[PDB]
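Structure first, commentary second.
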Amino acid sequence: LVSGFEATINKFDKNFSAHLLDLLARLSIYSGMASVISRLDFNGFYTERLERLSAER
Amino acid sequence: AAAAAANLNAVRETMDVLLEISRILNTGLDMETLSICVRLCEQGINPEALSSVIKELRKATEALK
Amino acid sequence: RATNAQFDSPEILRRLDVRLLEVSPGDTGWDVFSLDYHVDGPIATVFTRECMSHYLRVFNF
Amino acid sequence: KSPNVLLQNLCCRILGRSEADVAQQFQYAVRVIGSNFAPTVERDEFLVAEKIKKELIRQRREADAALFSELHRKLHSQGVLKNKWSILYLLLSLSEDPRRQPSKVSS
């Protein structure tokens with residue numbers, strides 16, 4: 001409905017986007033194999049939805 | 001004494017060496033500040049914290065200038 | 001690929017790769033950009049590392 | 001001496017301001033240092049020395065990259081400093097680049 005459809009879809013969408021950005025980051029360290037990220041972002045969309053927040057000490 | 005002045009000699013050497021390093025690297029810190037940093041390094045101090053402190057205090061000498 | 005140098009031999013196109021040079025505050029990117037024309041094989045004996053280190057000063061200049 | 005008055009000596013060295021003339025900056029110094037007081041870096045002066053050499057090469061102060069090779073042995077030779085890696089990691093972080101200029105005075 002709006003709670004048996006919509007809330008669950010929202011939860012799925014959040015988890016899938018967050019994990020997708022974590023995968024694309026955890027694969028970019030490995031070195032080709034980054035051409036999957038190149039081909040996937042052909043428009044330039046979802047190419048910055050997360051970067052790690054920086055801090056010292 | 002003499003052995004109390006020989007350690008005063010052996011500290012005056014390293015505070016001259018670190019001064020030479022401070023001027024060839026063109027840092028902001030002078031001879032007097034460097035002794036505060038060296039005493040903190042005797043206490044045991046994280047440079048990732050100490051550098052943020054020095055880059056915080058100097059930001060407020062470029063705001064109150 | 002953009003310029004007319006994709007007809008060159010495949011070996012020399014492999015020998016080049018850029019090397020970054022370390023960042024400092026107030027350092028601009030033009031000063032830190034240098035090709036590295038690295039080589040391994042028997043051909044390295046004529047073109048040693050010391051030679052490459054002296055070529056990069058020329059390239060910088 | 002005690003580390004609290006030492007953290008105060010830092011804030012009166014940088015500024016011309018006392019612990020009463022400002023109280024937020026000296027509070028902020030105690031905020032930053034006392035949560036992660038002890039170092040997270042161990043003894044790796046060797047790697048940072050080879051970056052000080054590489055930094056004096058990028059400025060064409062190439063005699064000072066070989067002068068620092070005498071000074072880095074002298075620093076270990078005196079041996080009156082608890083952490084030799086920290087002070088070099090501090091001075092290297094505060095480095096600046098003129099453009100390629102070579103300027104010398106002392107010694």
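The way I read the labels, and the way they are meant: chains A, B, ... in the order of the structure tokens, residue 1 as the first residue of every chain, and ligand 1 as the first ligand shown, with later ones counted on from there.
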Practice task
Would you kindly return, as a VMD selection string, each protein, DNA or RNA residue with an atom no farther than 12 Å from any atom of segment 18-33 of chain A, considering only C-alpha atoms and excluding same-chain residues fewer than 3 positions away?
Solution key: chain A and resid 11 to 15 36 to 41 46 to 52
Suppose we keep N, CA, C and O atoms; can you now write the selection as a PDB file, in the first residue's frame?
```
ATOM      1  N   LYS A  11      13.187   1.517   2.017  1.00  0.00           N
ATOM      2  CA  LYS A  11      14.247   0.842   2.764  1.00  0.00           C
ATOM      3  C   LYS A  11      15.189   0.073   1.837  1.00  0.00           C
ATOM      4  O   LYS A  11      16.424   0.152   1.985  1.00  0.00           O
ATOM      5  N   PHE A  12      14.616  -0.650   0.861  1.00  0.00           N
ATOM      6  CA  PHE A  12      15.407  -1.372  -0.137  1.00  0.00           C
ATOM      7  C   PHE A  12      16.283  -0.426  -0.940  1.00  0.00           C
ATOM      8  O   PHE A  12      17.459  -0.719  -1.189  1.00  0.00           O
ATOM      9  N   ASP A  13      15.702   0.697  -1.373  1.00  0.00           N
ATOM     10  CA  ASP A  13      16.406   1.670  -2.199  1.00  0.00           C
ATOM     11  C   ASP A  13      17.602   2.253  -1.462  1.00  0.00           C
ATOM     12  O   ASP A  13      18.698   2.368  -2.036  1.00  0.00           O
ATOM     13  N   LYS A  14      17.414   2.573  -0.174  1.00  0.00           N
ATOM     14  CA  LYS A  14      18.505   3.085   0.653  1.00  0.00           C
ATOM     15  C   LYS A  14      19.637   2.074   0.772  1.00  0.00           C
ATOM     16  O   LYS A  14      20.810   2.408   0.540  1.00  0.00           O
ATOM     17  N   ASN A  15      19.298   0.834   1.157  1.00  0.00           N
ATOM     18  CA  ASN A  15      20.330  -0.176   1.382  1.00  0.00           C
ATOM     19  C   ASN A  15      21.078  -0.506   0.097  1.00  0.00           C
ATOM     20  O   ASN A  15      22.310  -0.636   0.105  1.00  0.00           O
ATOM     21  N   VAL A  36      34.397  -1.585 -15.216  1.00  0.00           N
ATOM     22  CA  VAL A  36      32.991  -1.814 -14.886  1.00  0.00           C
ATOM     23  C   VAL A  36      32.368  -0.535 -14.331  1.00  0.00           C
ATOM     24  O   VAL A  36      31.239  -0.167 -14.681  1.00  0.00           O
ATOM     25  N   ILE A  37      33.120   0.189 -13.500  1.00  0.00           N
ATOM     26  CA  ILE A  37      32.640   1.456 -12.973  1.00  0.00           C
ATOM     27  C   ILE A  37      32.620   2.507 -14.076  1.00  0.00           C
ATOM     28  O   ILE A  37      31.719   3.357 -14.126  1.00  0.00           O
ATOM     29  N   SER A  38      33.590   2.433 -15.003  1.00  0.00           N
ATOM     30  CA  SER A  38      33.604   3.363 -16.137  1.00  0.00           C
ATOM     31  C   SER A  38      32.392   3.170 -17.038  1.00  0.00           C
ATOM     32  O   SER A  38      31.745   4.144 -17.441  1.00  0.00           O
ATOM     33  N   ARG A  39      32.087   1.918 -17.379  1.00  0.00           N
ATOM     34  CA  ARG A  39      30.977   1.627 -18.278  1.00  0.00           C
ATOM     35  C   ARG A  39      29.636   1.889 -17.602  1.00  0.00           C
ATOM     36  O   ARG A  39      28.694   2.371 -18.248  1.00  0.00           O
ATOM     37  N   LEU A  40      29.542   1.593 -16.300  1.00  0.00           N
ATOM     38  CA  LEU A  40      28.287   1.765 -15.576  1.00  0.00           C
ATOM     39  C   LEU A  40      27.890   3.234 -15.490  1.00  0.00           C
ATOM     40  O   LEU A  40      26.720   3.573 -15.649  1.00  0.00           O
ATOM     41  N   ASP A  41      28.853   4.120 -15.277  1.00  0.00           N
ATOM     42  CA  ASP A  41      28.611   5.560 -15.248  1.00  0.00           C
ATOM     43  C   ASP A  41      29.032   6.192 -16.571  1.00  0.00           C
ATOM     44  O   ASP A  41      30.076   6.826 -16.683  1.00  0.00           O
ATOM     45  N   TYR A  46      25.310   9.071 -10.515  1.00  0.00           N
ATOM     46  CA  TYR A  46      25.777   8.239  -9.401  1.00  0.00           C
ATOM     47  C   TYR A  46      27.297   8.083  -9.370  1.00  0.00           C
ATOM     48  O   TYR A  46      27.805   7.061  -8.905  1.00  0.00           O
ATOM     49  N   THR A  47      28.045   9.077  -9.850  1.00  0.00           N
ATOM     50  CA  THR A  47      29.496   9.004  -9.774  1.00  0.00           C
ATOM     51  C   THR A  47      30.052   9.702  -8.544  1.00  0.00           C
ATOM     52  O   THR A  47      31.243   9.560  -8.254  1.00  0.00           O
ATOM     53  N   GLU A  48      29.222  10.452  -7.822  1.00  0.00           N
ATOM     54  CA  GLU A  48      29.581  10.907  -6.484  1.00  0.00           C
ATOM     55  C   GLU A  48      28.290  10.931  -5.676  1.00  0.00           C
ATOM     56  O   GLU A  48      27.555  11.924  -5.687  1.00  0.00           O
ATOM     57  N   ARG A  49      28.014   9.815  -5.007  1.00  0.00           N
ATOM     58  CA  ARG A  49      26.979   9.735  -3.995  1.00  0.00           C
ATOM     59  C   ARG A  49      27.558   9.412  -2.632  1.00  0.00           C
ATOM     60  O   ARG A  49      26.818   9.426  -1.642  1.00  0.00           O
ATOM     61  N   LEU A  50      28.856   9.130  -2.555  1.00  0.00           N
ATOM     62  CA  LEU A  50      29.545   8.878  -1.301  1.00  0.00           C
ATOM     63  C   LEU A  50      31.037   9.032  -1.528  1.00  0.00           C
ATOM     64  O   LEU A  50      31.578   8.596  -2.549  1.00  0.00           O
ATOM     65  N   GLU A  51      31.682   9.689  -0.571  1.00  0.00           N
ATOM     66  CA  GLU A  51      33.122   9.631  -0.400  1.00  0.00           C
ATOM     67  C   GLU A  51      33.359   9.585   1.100  1.00  0.00           C
ATOM     68  O   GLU A  51      32.535  10.088   1.868  1.00  0.00           O
ATOM     69  N   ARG A  52      34.457   8.949   1.509  1.00  0.00           N
ATOM     70  CA  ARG A  52      34.712   8.723   2.927  1.00  0.00           C
ATOM     71  C   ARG A  52      35.018  10.038   3.635  1.00  0.00           C
ATOM     72  O   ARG A  52      35.742  10.887   3.111  1.00  0.00           O
TER      73      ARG A  52
END
```
Practice task
Specify as a list in words all residues of chain D found within 12 Å of chain A, counting only C-alpha atoms.
Solution key: residues 32, 33, 34, 35, 36, 37, 38, 39, 40 and 41 of chain D
Exercise for the section: Can you list, as a PyMOL selection string, all residues belonging to chain B that DSSP tags as alpha helix (DSSP H)? Expected result: chain B and resi 3-24+31-43+47-57
Problem - Contacts of segment 76-88 of chain D within 9 Å, only C-alpha atoms, excl. fewer than 3 positions in-chain, as an MDAnalysis selection string - result: (chainID B and resid 10:11 13:14 18 21 37:39 41:47) or (chainID D and resid 39 41:46 48:49 52 71:73 91:93)
Any chance you could export the current selection's N, CA and C atoms as an mmCIF file, in the first residue's frame?
```
data_model
loop_
_atom_site.group_PDB
_atom_site.id
_atom_site.type_symbol
_atom_site.label_atom_id
_atom_site.label_comp_id
_atom_site.auth_asym_id
_atom_site.auth_seq_id
_atom_site.Cartn_x
_atom_site.Cartn_y
_atom_site.Cartn_z
ATOM 1 N N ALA B 10 74.727 19.081 24.733
ATOM 2 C CA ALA B 10 74.119 18.058 23.896
ATOM 3 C C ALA B 10 72.643 18.312 23.618
ATOM 4 N N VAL B 11 71.996 19.225 24.341
ATOM 5 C CA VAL B 11 70.669 19.689 23.955
ATOM 6 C C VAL B 11 70.754 20.894 23.027
ATOM 7 N N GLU B 13 72.866 21.293 20.727
ATOM 8 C CA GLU B 13 73.156 20.807 19.388
ATOM 9 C C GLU B 13 71.875 20.462 18.637
ATOM 10 N N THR B 14 71.001 19.649 19.247
ATOM 11 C CA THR B 14 69.806 19.195 18.540
ATOM 12 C C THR B 14 68.812 20.329 18.311
ATOM 13 N N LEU B 18 67.509 21.005 14.480
ATOM 14 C CA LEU B 18 66.099 21.160 14.143
ATOM 15 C C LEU B 18 65.782 22.559 13.636
ATOM 16 N N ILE B 21 66.820 22.460 9.966
ATOM 17 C CA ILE B 21 65.761 21.752 9.251
ATOM 18 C C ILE B 21 64.520 22.628 9.101
ATOM 19 N N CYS B 37 57.305 22.447 20.965
ATOM 20 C CA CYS B 37 57.059 21.211 20.224
ATOM 21 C C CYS B 37 57.974 20.068 20.665
ATOM 22 N N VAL B 38 59.226 20.360 21.031
ATOM 23 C CA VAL B 38 60.131 19.284 21.421
ATOM 24 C C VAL B 38 59.778 18.776 22.819
ATOM 25 N N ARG B 39 59.300 19.664 23.709
ATOM 26 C CA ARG B 39 58.863 19.223 25.035
ATOM 27 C C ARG B 39 57.607 18.360 24.937
ATOM 28 N N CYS B 41 56.913 16.518 22.361
ATOM 29 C CA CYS B 41 57.409 15.236 21.881
ATOM 30 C C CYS B 41 58.123 14.432 22.961
ATOM 31 N N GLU B 42 58.610 15.072 24.031
ATOM 32 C CA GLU B 42 59.039 14.278 25.183
ATOM 33 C C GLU B 42 57.844 13.661 25.890
ATOM 34 N N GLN B 43 56.722 14.386 25.951
ATOM 35 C CA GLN B 43 55.533 13.811 26.581
ATOM 36 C C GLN B 43 54.928 12.663 25.778
ATOM 37 N N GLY B 44 55.175 12.608 24.474
ATOM 38 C CA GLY B 44 54.517 11.638 23.625
ATOM 39 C C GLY B 44 53.272 12.265 23.044
ATOM 40 N N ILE B 45 53.297 12.593 21.757
ATOM 41 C CA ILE B 45 52.218 13.371 21.164
ATOM 42 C C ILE B 45 52.039 12.938 19.711
ATOM 43 N N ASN B 46 50.775 12.897 19.278
ATOM 44 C CA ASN B 46 50.417 12.563 17.906
ATOM 45 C C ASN B 46 50.666 13.773 17.019
ATOM 46 N N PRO B 47 51.480 13.655 15.964
ATOM 47 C CA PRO B 47 51.622 14.767 15.009
ATOM 48 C C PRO B 47 50.346 15.095 14.241
ATOM 49 N N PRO D 39 50.876 9.101 20.638
ATOM 50 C CA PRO D 39 50.974 9.005 19.173
ATOM 51 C C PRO D 39 50.361 7.734 18.597
ATOM 52 N N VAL D 41 51.513 6.985 15.433
ATOM 53 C CA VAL D 41 52.612 6.610 14.560
ATOM 54 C C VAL D 41 53.728 6.023 15.422
ATOM 55 N N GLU D 42 54.370 4.974 14.918
ATOM 56 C CA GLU D 42 55.551 4.410 15.544
ATOM 57 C C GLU D 42 56.792 4.897 14.801
ATOM 58 N N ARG D 43 57.934 4.296 15.132
ATOM 59 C CA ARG D 43 59.232 4.741 14.639
ATOM 60 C C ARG D 43 59.419 4.400 13.159
ATOM 61 N N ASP D 44 59.092 5.339 12.262
ATOM 62 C CA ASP D 44 59.354 5.176 10.825
ATOM 63 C C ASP D 44 59.932 6.470 10.218
ATOM 64 N N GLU D 45 60.987 7.022 10.856
ATOM 65 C CA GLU D 45 61.721 8.194 10.357
ATOM 66 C C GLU D 45 62.350 7.995 8.985
ATOM 67 N N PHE D 46 62.605 6.749 8.596
ATOM 68 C CA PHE D 46 63.341 6.458 7.374
ATOM 69 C C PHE D 46 62.544 6.871 6.142
ATOM 70 N N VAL D 48 60.031 9.019 6.041
ATOM 71 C CA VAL D 48 59.790 10.457 5.981
ATOM 72 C C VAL D 48 61.080 11.213 5.657
ATOM 73 N N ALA D 49 62.244 10.631 5.975
ATOM 74 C CA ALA D 49 63.514 11.231 5.577
ATOM 75 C C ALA D 49 63.696 11.164 4.068
ATOM 76 N N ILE D 52 61.726 14.019 2.736
ATOM 77 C CA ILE D 52 62.388 15.316 2.872
ATOM 78 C C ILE D 52 63.481 15.496 1.819
ATOM 79 N N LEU D 71 72.410 15.951 8.944
ATOM 80 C CA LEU D 71 71.586 16.366 10.076
ATOM 81 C C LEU D 71 70.719 15.250 10.644
ATOM 82 N N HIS D 72 70.239 14.339 9.803
ATOM 83 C CA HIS D 72 69.402 13.247 10.273
ATOM 84 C C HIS D 72 70.200 12.206 11.036
ATOM 85 N N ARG D 73 71.499 12.103 10.764
ATOM 86 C CA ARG D 73 72.360 11.286 11.605
ATOM 87 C C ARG D 73 72.701 12.007 12.899
ATOM 88 N N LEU D 91 57.471 18.846 10.860
ATOM 89 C CA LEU D 91 58.130 19.839 10.016
ATOM 90 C C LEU D 91 57.869 19.594 8.532
ATOM 91 N N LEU D 92 57.685 18.332 8.134
ATOM 92 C CA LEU D 92 57.384 18.028 6.738
ATOM 93 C C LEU D 92 55.958 18.421 6.372
ATOM 94 N N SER D 93 55.024 18.308 7.320
ATOM 95 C CA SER D 93 53.641 18.688 7.054
ATOM 96 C C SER D 93 53.506 20.192 6.862
#
```
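With only C-alpha atoms taken into account, the protein and nucleic acid residues at most 12 Å from residue 37 of chain C (excluding it and anything under 3 positions from it in its own chain) are residues 11, 12, 13, 14, 15, 16, 17, 18, 19, 34, 40, 44, 47, 48, 49, 51, 52, 53, 54, 55, 56 and 59 of chain C.
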Completion exercise
Counting only C-alpha atoms, the residue among B:15, B:4, B:29, B:50 that lies closest to chain A is B:50
Fill in the blank from the handout: From atom CA of residue 10 of chain C to atom CA of residue 61 of chain C the spacing works out at 27.8 Å
Handout entry: Atomic separation - atom CA of residue 20 of chain C relative to atom CA of residue 42 of chain A, Å
Key = 27.1 Å
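Any residue of chain D with an atom no more than 10 Å from chain C counts as a contact; using only C-alpha atoms, that gives residues 51, 54, 55, 58, 59, 60, 92, 93, 94, 95, 96, 97, 98, 99 and 100 of chain D.
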Using the selection just defined, write its residues with N, CA and C atoms as a compact mmCIF listing (two decimals), in the first residue's frame.
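Saved the output as again28.txt:
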```
# COMPACT_ATOMS: atom_id res chain seq x y z
N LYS D 51 61.36 11.35 2.01
CA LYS D 51 60.47 12.35 1.45
C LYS D 51 60.96 13.77 1.67
N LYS D 54 63.39 14.01 -1.18
CA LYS D 54 62.59 14.19 -2.38
C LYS D 54 61.92 15.57 -2.46
N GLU D 55 61.65 16.20 -1.32
CA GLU D 55 61.09 17.55 -1.29
C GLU D 55 62.14 18.60 -1.60
N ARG D 58 62.69 18.56 -5.38
CA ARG D 58 61.67 19.27 -6.16
C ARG D 58 61.83 20.78 -6.12
N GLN D 59 62.55 21.32 -5.14
CA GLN D 59 62.81 22.75 -5.05
C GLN D 59 64.17 23.13 -5.61
N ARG D 60 64.93 22.14 -6.11
CA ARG D 60 66.32 22.27 -6.57
C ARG D 60 67.25 22.82 -5.49
N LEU D 92 57.68 18.33 8.13
CA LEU D 92 57.38 18.03 6.74
C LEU D 92 55.96 18.42 6.37
N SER D 93 55.02 18.31 7.32
CA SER D 93 53.64 18.69 7.05
C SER D 93 53.51 20.19 6.86
N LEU D 94 54.32 20.97 7.57
CA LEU D 94 54.30 22.42 7.48
C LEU D 94 55.18 22.97 6.37
N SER D 95 55.60 22.13 5.43
CA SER D 95 56.49 22.57 4.37
C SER D 95 55.74 23.43 3.36
N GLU D 96 56.50 24.25 2.64
CA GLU D 96 55.96 25.11 1.60
C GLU D 96 56.87 25.05 0.38
N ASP D 97 56.31 25.38 -0.77
CA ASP D 97 56.99 25.35 -2.05
C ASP D 97 57.09 26.76 -2.61
N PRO D 98 58.30 27.31 -2.84
CA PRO D 98 58.36 28.66 -3.43
C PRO D 98 57.91 28.68 -4.89
N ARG D 99 58.76 28.24 -5.82
CA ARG D 99 58.31 27.62 -7.06
C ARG D 99 59.34 26.58 -7.50
N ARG D 100 60.61 27.00 -7.52
CA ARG D 100 61.79 26.15 -7.60
C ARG D 100 62.97 26.81 -6.90
```
Could I get the residues of chain B with an atom no further than 12 Å from an atom of chain C, each paired with its nearest atom pair and that distance in Å to one decimal, using only C-alpha atoms, sorted by chain and residue number, as a Markdown table?
```
| residue | atom | partner | partner_atom | distance |
| --- | --- | --- | --- | --- |
| B:25 | CA | C:24 | CA | 10.7 |
| B:26 | CA | C:25 | CA | 11.2 |
| B:27 | CA | C:25 | CA | 10.7 |
```
Go ahead and write the selection's residues with C-alpha atoms as a compact mmCIF listing (two decimals), in the first residue's frame.
```
# COMPACT_ATOMS: atom_id res chain seq x y z
CA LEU B 25 61.87 23.44 4.82
CA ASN B 26 60.40 26.97 5.19
CA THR B 27 58.00 26.29 8.03
```
